[PDB]
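K.L.:
For reference, the structure I am asking about is given below.
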There are 6 protein chains.
Amino acid sequence: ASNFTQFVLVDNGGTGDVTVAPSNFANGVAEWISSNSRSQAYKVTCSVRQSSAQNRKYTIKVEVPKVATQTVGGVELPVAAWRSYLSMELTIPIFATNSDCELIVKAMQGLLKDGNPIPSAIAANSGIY
Amino acid sequence: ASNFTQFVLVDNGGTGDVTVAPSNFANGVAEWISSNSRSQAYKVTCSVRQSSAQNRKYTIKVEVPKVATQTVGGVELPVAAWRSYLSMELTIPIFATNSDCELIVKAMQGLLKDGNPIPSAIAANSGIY
Amino acid sequence: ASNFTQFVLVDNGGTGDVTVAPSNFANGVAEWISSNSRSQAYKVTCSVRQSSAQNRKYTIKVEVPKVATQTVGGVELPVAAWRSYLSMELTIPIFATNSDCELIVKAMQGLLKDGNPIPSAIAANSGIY
Amino acid sequence: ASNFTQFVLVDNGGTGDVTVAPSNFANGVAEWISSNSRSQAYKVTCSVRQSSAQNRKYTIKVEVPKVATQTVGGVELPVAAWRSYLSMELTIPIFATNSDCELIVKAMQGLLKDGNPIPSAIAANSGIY
Amino acid sequence: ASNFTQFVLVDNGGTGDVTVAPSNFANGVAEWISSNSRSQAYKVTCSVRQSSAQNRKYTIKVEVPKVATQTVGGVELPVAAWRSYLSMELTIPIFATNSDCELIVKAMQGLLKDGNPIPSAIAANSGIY
Amino acid sequence: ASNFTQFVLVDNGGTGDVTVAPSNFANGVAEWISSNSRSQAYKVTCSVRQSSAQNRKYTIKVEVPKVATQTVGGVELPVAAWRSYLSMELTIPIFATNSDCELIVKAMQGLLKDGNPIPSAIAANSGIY
RNA sequence: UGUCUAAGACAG
RNA sequence: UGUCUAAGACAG
């Protein structure tokens, strides 16, 4: 009914939460930015398009700042040393119903649920073993 | 320990739960598949490589199938009507701390959290607006 | 004395037991087939030939059918939706004594023993990890 | 979780027991070797590749050495007088469910069970008759 | 029986010890990382392969961070100024028994034993004299 | 002082001890050999060079022989059945402090310490798993 | 860098 | 990077 609203990106349970809010809608690409310099902000963008006759495709991008030893509002170079990039590409066949889509979402939440292999590997600077 | 363990990918409160298990590590690609025929299984893969001299890149893939029974040559075979594909790439600088990495994980979780814009949009078969 | 006899290929207690019986032994190839429709039968063949001047080569083959009914034009025939094919070759130097051979057999048995890597990987539609 | 572990290849009660341990797993090929002189070790390798679009192919290999000492020039080296070579290929359609696979495994186990035709023929330096 | 466990890499007798723990097993290459940013971590990797018909070869790599004036979690460039690299290549003929191998290990420990020329030379930024 | 002294390479508690002594420094390569015939001796070599404008590189080599008596031309000669080769290269930045270097040494010692994964694996003729 | 018959050869 | 019949193909 209008989902383009701000939300909590990083939840630290009230104390030090990171909120990200609508900052751009140019070309139908929703963008959320955190309240920072663009170089240190948390950024989220999302868009959908029918990639092919059979599929629709969501493209979600997230940018997360390196915070340890960060100097707020400072000029930190090289940019590549201070930022992590997440590029998510979700492909859904045009036959998927809302239910099918809810399932897909659940699978994504499950993939990243706290305690599961993938997130704990990433959280620990590790691979699988 | 060993983080290469099975985990529940789709949670439907104990019943109807899609759990996925380690199934392969050949060629440095950790694989987990659901307990079905290979033709109908859910599949999750992960791999980390040192992409740049100063970056590490995780490549994660999830395959959500739409199971069906096809009648090929007058014989029924377990198959997939179609598949939904999640393909994500994460680039983290080598300067990232475990705390810096935890931040990335929390952000990804918050991104897909129930009720937030993106999963809402996806589950409703719509864009952000 | 004869070893070209009937034997249990698949052991399901005393019930579902799959038995295979001698069918033919032409051209040095012993063939065993389970009962009922040849089209849905299990097949096992074995032969030993003196490959080189120092080696004897065994060639064991097993076919596991996926029993199904095929309807076409309203006509149904008992068929095999597909078959799983096992093809093994065992080479043993002519210097192997009967003890040496028993050892080779125990090695083959151990390889497939319940709970060991290979059989469990196979049983679970998986690879090694 | 991991199935790439140590296991008993030859079972001589609790004594002469031949154990094989993970040695290497490069290029999708899992290798296991028994201890002591590599020159007299038992070898087991396994790999699964998606052969056709409908089949996955397993390739299991086992080497049984005939332990001996080789004296030459008065210099003795632990060697293998010769080796027995087992090379098996198992093809399984992607339609096989976990049950289908367990059956295939039980079939392989039955084929080599003590007292059945093939294993006894082999064990006795014989063929079928 | 499973040697891929964490261990103490730098022993300072309890007070300030550096522990390194399993972090990756992609392609059979065991990797241990210390609890740091990947750029400041202590890293250890190990693998074996039969380099030739006659020899097996262990390849051990160690990475040690420059600690003096280090800024924990900071971005320190150039990478080459803050890291030491150890590349160990151990070649063992396939005739070596476990005893032969134990000897080889002892020789390595002896080479680096506290008080011996090589380590004291390295520890003092010196050569031999 | 002079760090170019003899030291015990293989320690077997005073008896059976392989001690190695300075034997050459020609061309900047410090050499130590055990007290045997050159054909059967243990050999340790070391050299440091300023590899880069900002690195120093140590190159260390150890040769562990398998002594034997060969009968060449009807005459017995002291020889080596084979040799095991340890070849290691260490690169330390010029910015490394003596304390930074001590760290490197301690890490190498901890690496090869009795009971830790790597020496365990080596001595057992296996990989890490 | 990777291999070896190993301070010297080999292969990129 | 972008697409797909998806750890492997395609297109810059």
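As shown in the structure tokens, the chain order sets the letters A, B, ...; within each chain, residues go from 1, and ligands are also counted from 1 in the order they appear.
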List the neighbours of residue 127 (chain E) out to 7 Å using only C-alpha atoms (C1' of nucleotides); skip same-chain residues closer than 2 positions along the sequence, and give me the result as a list in words.

P.N.:
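The residues satisfying every condition are residues 121 and 129 of chain E; 47 and 48 of chain F.
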
K.L.:
If you take only C-alpha atoms (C1' of nucleotides) and a cut-off of 12 Å, which residues of chain H touch chain D, and what are their nearest atom pairs and distances in Å to one decimal, in chain and number order, as a Markdown table?

P.N.:
| residue | atom | partner | partner_atom | distance |
| --- | --- | --- | --- | --- |
| H:5 | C1' | D:53 | CA | 10.8 |
| H:7 | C1' | D:50 | CA | 11.8 |
| H:8 | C1' | D:50 | CA | 11.5 |

K.L.:
Write the residues you've just listed into a file as a PDB file, in the first residue's frame, and include C-alpha atoms (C1' of nucleotides) for each of them.

P.N.:
ATOM      1  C1'   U H   5      17.542 -24.068 -19.198  1.00  0.00           C
ATOM      2  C1'   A H   7      29.212 -23.801  -9.470  1.00  0.00           C
ATOM      3  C1'   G H   8      28.183 -23.668 -16.097  1.00  0.00           C
TER       4        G H   8
END

K.L.:
Counting only C-alpha atoms, collect the residues of chain D whose closest atom lies at most 12 Å from chain A, and write them out as a count of residues only.

P.N.:
4

K.L.:
Within 12 Å of residue 6 (chain G), counting only C-alpha atoms (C1' of nucleotides), which residues show up once you throw out same-chain ones fewer than 5 positions away? Write them as a compact mmCIF listing (two decimals) with C-alpha atoms, in the first residue's frame, please.

P.N.:
# COMPACT_ATOMS: atom_id res chain seq x y z
CA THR E 91 59.18 -33.41 0.25
CA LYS F 43 72.68 -30.94 5.53
CA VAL F 44 71.36 -27.57 6.68
CA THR F 45 71.87 -24.36 4.70
CA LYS F 61 67.11 -25.90 3.51
CA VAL F 62 67.39 -29.17 5.40
CA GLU F 63 68.23 -32.55 3.91
CA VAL F 64 67.25 -35.66 5.87
CA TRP F 82 66.77 -41.37 -0.52
CA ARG F 83 66.51 -37.89 0.91
CA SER F 84 63.73 -35.85 2.38
CA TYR F 85 63.88 -32.13 1.57
CA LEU F 86 62.71 -29.19 3.65
CA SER F 87 62.86 -26.00 1.67

K.L.:
Can you measure CA of residue 23 (chain B) to CA of residue 49 (chain B) for me? One decimal in Å is fine.

P.N.:
20.2 Å

K.L.:
Considering only C-alpha atoms (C1' of nucleotides), return as a list in words whatever protein or nucleic-acid residues lie within 12 Å of residue 2 (chain H), sequence-local ones (same chain, fewer than 6 positions apart) excluded.

P.N.:
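Once the adjacent positions are removed, what remains is residues 51, 59 and 89 of chain A; 10, 11 and 12 of chain H.
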
K.L.:
Would you mind telling me which residue in C:101, C:90, C:81, C:108 lies nearest to residue 66 (chain D) when using only C-alpha atoms?

P.N.:
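When distances to residue 66 (chain D) are compared using only C-alpha atoms, the smallest one comes from C:101.
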